[PDB]
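Peer 1: One structure coming up, written as structure tokens, with questions to follow.
Protein chains in written order, with the entry's author numbering: chain B, 322 to 374; chain A, 55 to 107.
So, in structure tokens, the structure goes:
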């Protein structure tokens, strides 16, 4: 059925058969990895509002 | 109900029911030509004795 959005998540992308994730069954694959410097800065600023950067 | 004639006759009764006031509801999704899908309320004559001309 058209007009449908599907979200799929996994922790081992290597375990997904390539036919399952192809451009037209999954249009966008994004890697959400560990923290980065900017990510840590943003998390610290959001958890402790008001402190100096 | 074991024949496709039952489905065809039920559909024809739902369409040609004149102003029958003993209907029952039936919910479905209709895909508009615009591309999106909205709820469709279709009325089928509820069980009972109905008269046609």
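C-beta: ideal position from N, C-alpha, C; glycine also.
Starting from residue 82 of chain A, trace the alpha helix (DSSP H) in both directions and tell me its first and last residue.
Peer 2: Taken as a continuous stretch (DSSP letters only), residue 82 of chain A belongs to no alpha helix (DSSP H), being part of the beta strand (DSSP E) at 77 to 85.
Peer 1: In this structure, how does DSSP classify residue 105 of chain A when only helix, strand and coil are distinguished?
Peer 2: Three-state result, residue 105 of chain A: coil.
Peer 1: So if DSSP puts residue 98 of chain A in a beta bridge, which residue, or which two residues, is it bridged to?
Peer 2: A:78
Peer 1: Mind checking if residue 73 of chain A is an interface residue toward chain B, Cβ cutoff 7 Å exclusive?
Peer 2: no
Peer 1: Given a limit of 8 Å on CB to CB distance, which residues of the region 87 to 99 of chain A reach chain B?
Peer 2: 89, 90 and 91
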